[PDB]
């Protein structure tokens, strides 16, 4: 019925950027436009995370993929459309497409975590809320490494 945890990707500096917020009613689909962190960046690394903490290392890793072929351009210029789609079949599709060329890549994640363990991740997130927000402020926008 609901996404029991926030679902997102890692932005510059190991920052958790949520696309599907905790308690979102399923089916659900969200999209954010992302960019490159450094000049002439040839591609982006999509790292799929679950959890509430501000830094991805403290959340759970679900999968990875790279979208390469990004032409040389300055930082913050390329447009990378990243969509998270949760279906009613227990299939999570994460797609990243380069808006300039149409070049894309994707990962499929299925549901095959305990209720208490889910309850702990949200407990831990509000306990570490301040420390997490400090690291976020210090290290962060919509930039992808």
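Numbering follows the first chain given and starts at 1.
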At least a third of other PDB entries omit residue 140: yes
Between residue 140 and residue 141 - deposited residues without coordinates, as a size class: 1 to 3
Between neighbours residue 113 and residue 112, residues that the deposited sequence lists but the model omits: 1 to 3
Segment of higher mean CA temperature factor, 43 to 51 or 103 to 111: 103 to 111
Stretch exceeding the other in mean C-alpha B-factor - 123 to 131, 9 to 17: 123 to 131
Highest recorded Cα temperature factor - choice among 117, 58, 66, 81: 117
Third of the chain, ranked by Cα B-factor, where residue 77 sits: lowest
Third of the chain's Cα B-factor distribution that residue 33 belongs to, per the entry: lowest
Record-listed C-alpha B factor of residue 94: chain third: lowest
